[PDB]
Amino acid sequence: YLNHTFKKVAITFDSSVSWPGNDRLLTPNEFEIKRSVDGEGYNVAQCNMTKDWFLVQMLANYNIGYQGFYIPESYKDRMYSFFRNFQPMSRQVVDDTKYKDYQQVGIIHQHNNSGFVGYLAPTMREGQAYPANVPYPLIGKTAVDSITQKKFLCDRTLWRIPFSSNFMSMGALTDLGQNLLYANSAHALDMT
Amino acid sequence: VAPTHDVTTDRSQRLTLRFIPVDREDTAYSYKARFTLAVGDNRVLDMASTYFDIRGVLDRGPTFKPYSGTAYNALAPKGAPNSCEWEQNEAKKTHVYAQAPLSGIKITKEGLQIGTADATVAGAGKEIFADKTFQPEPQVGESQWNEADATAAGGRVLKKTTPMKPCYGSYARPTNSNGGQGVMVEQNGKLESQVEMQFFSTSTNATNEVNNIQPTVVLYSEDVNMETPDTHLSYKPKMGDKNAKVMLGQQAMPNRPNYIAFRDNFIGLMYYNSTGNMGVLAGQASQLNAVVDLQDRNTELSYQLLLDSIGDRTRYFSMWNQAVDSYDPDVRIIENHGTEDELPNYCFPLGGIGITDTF
Amino acid sequence: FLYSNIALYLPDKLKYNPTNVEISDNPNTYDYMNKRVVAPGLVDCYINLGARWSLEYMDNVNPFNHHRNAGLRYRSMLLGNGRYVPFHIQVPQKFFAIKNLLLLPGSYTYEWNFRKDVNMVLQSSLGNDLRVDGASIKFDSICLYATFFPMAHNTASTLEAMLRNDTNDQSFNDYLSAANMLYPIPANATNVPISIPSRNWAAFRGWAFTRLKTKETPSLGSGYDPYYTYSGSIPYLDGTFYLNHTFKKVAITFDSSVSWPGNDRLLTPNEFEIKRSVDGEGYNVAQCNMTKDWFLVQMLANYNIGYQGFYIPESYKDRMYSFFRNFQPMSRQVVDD
Amino acid sequence: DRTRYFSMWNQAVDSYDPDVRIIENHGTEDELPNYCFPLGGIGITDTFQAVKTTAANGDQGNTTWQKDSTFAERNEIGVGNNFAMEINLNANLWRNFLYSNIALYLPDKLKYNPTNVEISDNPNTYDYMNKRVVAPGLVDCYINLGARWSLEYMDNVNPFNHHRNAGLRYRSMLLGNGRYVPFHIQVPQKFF
Amino acid sequence: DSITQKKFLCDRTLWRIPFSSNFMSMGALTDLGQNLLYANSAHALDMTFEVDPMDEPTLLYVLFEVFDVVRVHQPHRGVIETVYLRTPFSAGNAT
Amino acid sequence: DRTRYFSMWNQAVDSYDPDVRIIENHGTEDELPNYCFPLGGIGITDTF
Amino acid sequence: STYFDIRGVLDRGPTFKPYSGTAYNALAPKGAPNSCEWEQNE
Amino acid sequence: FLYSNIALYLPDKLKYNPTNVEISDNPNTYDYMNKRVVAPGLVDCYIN
Ligand SMILES: [Ca+2]
């Protein structure tokens, strides 16, 4: 229940080369899963996840994406399947800057449905009727200037990366694992 | 084992390409754009993996309203209105309806004294009173049901200037920093919090008795802004404004939900089948269009059916807002079994005994 | 539950103004729908009690325009809950002939255009002219993305050489592949004759047909209809329909001289008796009012089933947009008089 | 498949709800007391008169004159936590559903005769079933709590016949709410 | 005493009338569509619709299932060549 | 599949409610109020 | 086929509670006392 | 539904100590969790 919390990963062999090598990724130096404010706008499905990561995962799990995307077939999508555990969410709340009458209001000084419910604990009611003050307006003819933020939710699956030429699953034993240029000598590993 | 080789190149080559619109124009109702794509030497491409990326701003109008019900004092009964007061002739007097939730200690010449300070060296706990701003709140009260009915107590209602509104579906924006609703008028600045304290005593003891009249209630009259952005009145006693005694019965009901949004599959976002704004795809060698279409090729419905025909539909996909229109079947056709009206339910007094009778 | 869900969506000829409340005269604005009132006790628990049955009026209302639409809730909530939002969306390429076309090296000009009208771009749960309620929109920028496949240069060149030869081109067809013509039915009409002048009939396949509401169908050709006011689901472009029960009977003729089924093939050698009224030849089946002939026709035409009895079709072969999945017969008892 | 239904053959097998035959009782969520209120909200009130405090140039704090200058003396005011009545909600629904849908079919040998009424001597007459009274306390809400279990009293009873079988309800409603009904059926030859 | 009323409802679909001689989906092309008689001349067409009454103006939507196809070829570098065809009606020009 | 159970190996995979992970908000439908009444029905009364 | 068989005793502990809500005068008003009597001064 | 199913699992740091009752000291004891209380205002229906 944490895999959504990762920020970014980097690889290298012998302090020499970024793993993708040739410019196969929009940011060859480092991987990129989710971003803060993004001028380019690489996030898709309304989430904040860089598209290339979506492509990587889709390929690495179901060999789908080089010719477009669509819902995977049922049987391939198992219980611990990536796609069964993807939930993009978003909301919009009240800005402080662009609005003038904004007021930071701690819980102690807040009242809604007063006179019909307990105060800071579930006991018998108390108070007099009064219009509330917490739930800010976000509709209608008198709403307030706002700001929108979004995140995604994933859990009960694993982030994975195949050591393939083009990330597909072209057999159990991979190809780069055979290549005598990178499968007949020794090297060291560093990750961040 | 995987295939050995002759699948992947080794000279560098991008895995994804982005292109800028060379040409863009806009009209009254629609806008046109044109790009110059380039499939390079020894590079091959399938069209299915191309789309368009669009970003922008929108407002769903004021009428947008997702939730049913309402979220401003929902639990309250639909009848009881807020504490208030109004004018009425016999040449003009005031009538007041109000409820005071909090019991203090003892009244003073200026304002109810809540607690005392800590006594110190010549500092014997100066009598600490309220604080108009908000000292009196709108939720405090005696904890348990066996209330002792203390001899002093307060509350608050605003002036007759503000129009009367039912408690249900009522909101007011905070103005004081620490959670107190009240109109801040200007007096060489916003410094003024025009709150007026009023004192009240029992009517018969205020008429004539063996003592000078003795207040036991303190009220704080103030003024705020009001609105009910989600509810509208259901029954109006009179057809006029200027709250009177009758208008204490006005009640309201919430407004219906509104669920506007982007139709499925962005249908209609792009022109098709219309000889007006016919799209173009061609080789740059010459102006020779490849895409020719007619007025009847209803690609929309066809593509919808086809997209259905190749797999399941129930799951929704957020890549392109892929989700079909749904409706519960019970709505269209009801199966009115009835109910289970067996052994009935009851409500009981909060202490559990209605009224005892000293014996 | 009953009162809310049903009563708040009834035809407007059972709604009257509320006293002492100002109400706009416009028959479309949101406030007009909200403020108009209707009597609860009309539909209370004493109604048809005991009947897998549906109310008479509701048969001819557009059900999908509603608030139970889990899909509509999904889409709108995706956006969020506000009067103002920016967006960051993608759009796929529709047209069939170039949908899966396989491209080849070159330099190609691409060009398209999009609508800005709120009504088409938007689709409300209730239904009101957005152009009155001032819904706003603006497109900031547009970029074009595409993906590739890191192939092998030798292999790619060989594939290109094997592709460009005019012996092996690419071929495509539309999945529907039908001609579509719409005709008007005036108010309270019942009879429509339709004619087609003599022409060749090579390679034809058959007919489909349904009924639509003139108010809820935008016109073709024009880049924008000033006189268009509706913002619910659009059956001509959504696949939702309800007027099927309205069809009663249909007959075919060639050269005004021969009935198409020709010799003795059905009970009626003259036309497709879809649903017979109250008549006593015992010609409908399955406790509905649909004649055996039409039911058999549809069953065969969808599954090649019927000459070997009947049964349930197969789930995988069947689909959401099928005949059999969406067919409900019902019956009820009512006071004699 | 047998789950799906077909009209013309009366395609429906009798099915019984799973949880009805086997109860998994878990209580409810009862941390907030439910409160009903007077139609005018504030129940009772006392009569009060406005009182404008004296000038009080000395020792006249509470000393006050009648403010009848601008106020009617018939004011209504309440003091204290407002009157209201209490109730639980979910426990009551749970009890009602239990009592009906399980109790009403106990073995007859445990429900005695009613009083001041007429119950048919014949055991099988409908009135007989409709007339015996069965004590709800046997199947009260707190029965075998936290126990996936079946009531051995109910065991040998035939749970197929009930008032929650979708198949029977379907085959009933197919012929509408009534008493004098015609019908237009067909039947298939069943010999192998 | 009372009477009886039976109705039905079947939405989210469109009815079909195949152009076979047996109303059977034998193949993607009807045998009749390959029969000479309806293939070697021209013939007039007429249809009659009778429907339940309704108040507001409505529309009748008619679909003729046909073959619509397109063939696309590339002769050389940077050239795209397209030829469409609808079966029974018209397109473009025939000089 | 793992969505069914089996006593033999204590076999059942834990899960959670969908709506708990992400809640939804539509309010409810409450136009008709709800009323309690006195057990008799008229309670108050006045000699006549 | 092969699998182990284990039989034994266990005590869940005094901090077990399998059901939500409560099972003693469920419909009792959340504050109502019962029949009682108590001491007090003169 | 909201109060129970959400509120009664918030992190400890947002729920204070009770008053005028006994309470344990180990932050993992069952009685610690039960006897901790938290304001029902943070997840009432008047939210998101
Ligand atoms: Ca009195």
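Deposited coordinates in this entry are attributed by the record to cryo-EM, at a stated resolution of 5.01 Å.

Right, let's talk about the overall build of chain C for a bit. Looking only at helices and strands, one finds 8 helices and 12 strands in chain C. What you see for chain C is a C-alpha radius of gyration of 26 Å, clearly larger than the 20 Å of a compact globule of 337 residues, by over 25%. Counting only residues that meet the buried cut, chain C has 56% of its 337 residues in that class. Counting contacts in chain C only where the partners sit at least 6 residues apart, residues at least 24 apart contribute 55% of the total. Summed over its atoms, the accessible surface of chain C is roughly 14900 Å², and 57% of this surface lies on carbon and sulfur atoms. Placing the 31 positive and 30 negative side-chain charges of chain C at their respective mean positions leaves the two points 4 Å apart.

Taken together, the 3 strands give an open sheet; going across it, the order is 5(C)-5(E)-6(E), and neighbouring strands pair in antiparallel fashion. Unpaired on one side and paired on the other, strand 5 (170–173) of chain C together with strand 6 (81–86) of chain E mark the two borders of the sheet. Across the sheet, the mean angle from the axis of one strand to that of its neighbour is 15°, orientation sign disregarded. Summarising the sheet, strand 5 of chain C and strand 5 (residues 68–73) of chain E pair through 4 bridges and their orientation is antiparallel. Among the inter-strand pairings, C:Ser171 is bridged to a residue of strand 5 of chain E, identified as E:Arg71.

Turning to the interface of chain F and chain A, a few remarks are in order. Counting residues at the interface gives 5 residues for chain F and 4 residues for chain A. Summed over both partners, the interface of chain F with chain A buries about 540 Å², with 54% contributed by carbon and sulfur atoms. Among the residues chain F hides against chain A, the three largest losses belong to F:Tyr16, F:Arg21 and F:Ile22. Together they make up 62% of the total. Across the contact surface, chain F and chain A share 1 salt bridge. With a shortest N-O distance of 3.4 Å, F:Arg21 and A:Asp155 are connected by a salt bridge. Linking chain F to chain A there are 1 residue pair in polar contact. Residue composition of the side of chain F that touches chain A, grouped by class: 3 nonpolar, no polar and 2 charged.

With that settled, consider empty space enclosed by the protein. Unoccupied space between atoms shows up once a probe the size of one water molecule is rolled over them. All names here are of chain C. Approximately 460 Å³ is the volume found for the largest cavity. Around the largest cavity sit 29 residues that line it, and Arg115, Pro218, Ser219, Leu220 and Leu237 are the ones nearest its centre. The class makeup of the residues in the lining of the largest cavity is 12 nonpolar, 9 polar and 8 charged.

To continue, consider the arrangement of the chains. Here the protein chains form 21 pairs of chains in contact, of which the pair with the most contacts is chains B and C. No interface is formed between chain A and chain E, the nearest pair of C-alpha atoms being 19 Å apart. Here chain A and chain G are not in contact; the least distance found between their C-alpha atoms is 9 Å.

Take the side chain of B:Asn243 next. Residues and elements named next belong to chain B. Among the secondary structure elements, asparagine 243 is positioned in the loop between strand 14 (231–235) and strand 15 (251–254). Reaching out from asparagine 243, the side chain makes a polar contact with the backbone oxygen of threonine 162 at a distance of 3.5 Å. In this structure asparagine 243 touches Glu85, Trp86, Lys160, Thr162, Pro163 and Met164, once residues within four positions along its chain are discounted.

Among the nonpolar cores identified, the biggest contains 76 residues, and B:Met270 and C:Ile98 are the most heavily contacted of them. Looking at this core, the elements that each hand over two or more residues are helix 1 (51–62) of chain A, strand 3 (30–39) and strand 5 (51–59) of chain B, strand 1 (84–92), strand 3 (106–115), helix 4 (118–121) and strand 4 (136–147) of chain C together with strand 5 of chain E. No other element matches the 6 residues that helix 1 of chain A contributes to this core. When near neighbours in sequence (up to four residues on either side) are disregarded, C:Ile98 contacts B:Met47, B:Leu281, B:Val291, C:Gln93 and C:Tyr110. Of all hydrophobic cores here, the second largest spans 49 residues; its members include C:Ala286, C:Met290, E:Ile17 and E:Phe19.

Our next topic: the packing of aromatic side chains. For the coordinates displayed, the defined rule picks out 56 aromatic pairs over all chains. A centroid spacing of 5.7 Å and a plane angle of 35° characterise the contact between D:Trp94 and D:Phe97, whose relative ring orientation is tilted. On the criterion of helical spacing, the pair formed by D:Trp94 and D:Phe97 is a turn pair, its members being 3 residues apart in helix 2 (residues 90–103). Taking relative accessible area as the criterion, D:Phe97 reaches 28% and is therefore assigned partly exposed. An aromatic cluster is built from C:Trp201, C:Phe204, C:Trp207, C:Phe254, C:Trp260, E:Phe19, E:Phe23, E:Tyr38 and E:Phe64, whose rings are joined through pairwise contacts. If you follow A:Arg125 out to its NZ or CZ, it ends over the ring of D:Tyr35, 5.9 Å from the centre. Over the face of the ring belonging to B:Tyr271 we find C:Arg115, whose NZ or CZ atom lies 4.3 Å from the ring centre.

Reading the values: rules and limits
Residues numbered from 1 in each chain as written, not as in the entry; some residues may be left out. Chains lettered and ligands numbered in written order. Part of a larger assembly, values for the part shown. Heavy atoms only, no water. Helix = DSSP H or I, 4+ residues; strand = E, 2+ residues; numbered from the N terminus. Rg over C-alpha atoms; globule rule 2.2 N^0.38 Å. Buried < 20%, exposed > 50% of the residue type's maximum accessible area, 1.4 Å probe, protein only. Contact = heavy atoms within 4.5 Å. Areas by Shrake-Rupley, 256 points an atom, 1.4 Å probe, with all protein chains shown as cover. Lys, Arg positive; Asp, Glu negative; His and termini not counted. Charge placed at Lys NZ, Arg CZ, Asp CG, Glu CD. Pairing = 2+ DSSP bridges. Axes fitted to C-alpha atoms, helices over the stretch in contact; angles between N-to-C directions. Buried area = accessible area lost by both parts, 1.4 Å probe. Salt bridge = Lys/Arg side-chain N within 4 Å of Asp/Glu carboxyl O. Polar contact = N/O pair within 3.5 Å; in protein donor to acceptor, adjacent residues only side chain to side chain. Nonpolar A, V, L, I, M, F, W, Y, C, P; charged D, E, K, R; others polar. 1 Å grid on protein atoms, 1.4 Å probe; cavity = no way out; pocket = protein on both sides within 12 Å on 5 of 7 lines; lining within 4 Å. Points joined across faces, edges and corners; volume = space filled by probe spheres on them. Core = buried A, V, L, I, M, F, W, Y, C linked by side-chain atoms within 4.5 Å. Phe/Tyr/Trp six-rings, centres within 6.5 Å; stacked < 30°, edge-to-face > 60°. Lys NZ or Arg CZ within 6 Å of the ring centre and 35° of its normal.

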